[PDB]
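K.L.:
This is the structure I want to talk about, given as structure tokens.
Residue numbers (the deposited numbering): 1 to 128.
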């Protein structure tokens, strides 16, 4: 924690910084769609469920004018082995996550919360 960091909040810098990291952490699980505005999507795949079930949902994160100041743009470009409901649940969740994270980059965070969700859903299917 730097002495101060109170008030002036760089939005253009914050993003850039984070990205650089997402480039090393996600070498194949991160593809930059655009740059200006700087848009990119991530790839999250759940673990083999009860019957070797795996789901994947391509999320689209777009940096807005208010970020991390304000919650970023989260949308589902494509999804697999998921229904309107299952897909919705993964959304309503973020709202609470990003909402509480408001004030700082919530990229690496969202993905985390999402991953667990997919693992829970894909596993729940075992019931059927």
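All C-beta atoms, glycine included, are put in the ideal place defined by N, C-alpha and C.
So, for residue 63: in the same chain, excluding its five sequence neighbours on each side, which residues have a beta-carbon less than 7 Å away from its beta-carbon?
P.N.:
Cβ within range, chain order: 15, 37, 38, 72.
K.L.:
Measure the beta-carbon distance from residue 69 to residue 9 and round it to whole angstroms, keeping in mind my assumption that it falls under 8 Å.
P.N.:
6 Å
K.L.:
Would you report the Cα separation of residue 117 and residue 123, rounded to the nearest angstrom?
P.N.:
Distance between the alpha carbons of residue 117 and residue 123 is about 10 Å.
K.L.:
Using DSSP bridges, identify the partner residues of residue 73.
P.N.:
In the DSSP assignment, residue 73 forms a beta bridge with 62.
K.L.:
What does the Cβ neighbour count give for residue 104, buried or exposed, with the cut at 16 atoms within 10 Å?
P.N.:
exposed
K.L.:
Between which residues of its own chain and residue 86 is the CB-CB distance below 7 Å, once the five residues before and five after are set aside?
P.N.:
121
K.L.:
Taking C-alpha atoms, which residue in 35, 101, 74, 109 lies nearest to residue 88?
P.N.:
Cα-wise, what sits closest to residue 88 is 74.
K.L.:
What's the C-alpha gap between residue 45 and residue 99?
P.N.:
24 Å
K.L.:
Please report the Cβ distance between residue 60 and residue 43, rounded to the nearest whole angstrom; I am assuming they are in contact, meaning their Cβ atoms lie under 8 Å.
P.N.:
Their Cβ separation, rounded to whole angstroms, is 11 Å, which puts residue 60 and residue 43 out of contact at 8 Å.
K.L.:
For residue 97, which residues from the same chain have a beta carbon less than 8 Å from its beta carbon, with the 5 sequence-adjacent residues on both sides left out?
P.N.:
Correct list, in chain order: 106, 109, 110, 113.
K.L.:
For residue 76 and residue 54, which I take to be in contact (beta-carbon distance under 8 Å), what is that distance rounded to the nearest angstrom?
P.N.:
The Cβ separation is near 17 Å, so there is no contact.
K.L.:
Please report the distance separating the alpha-carbon of residue 47 from that of residue 11.
P.N.:
Between residue 47 and residue 11, the C-alpha separation is close to 35 Å.
K.L.:
With which residues is residue 32 paired in a DSSP beta bridge?
P.N.:
40
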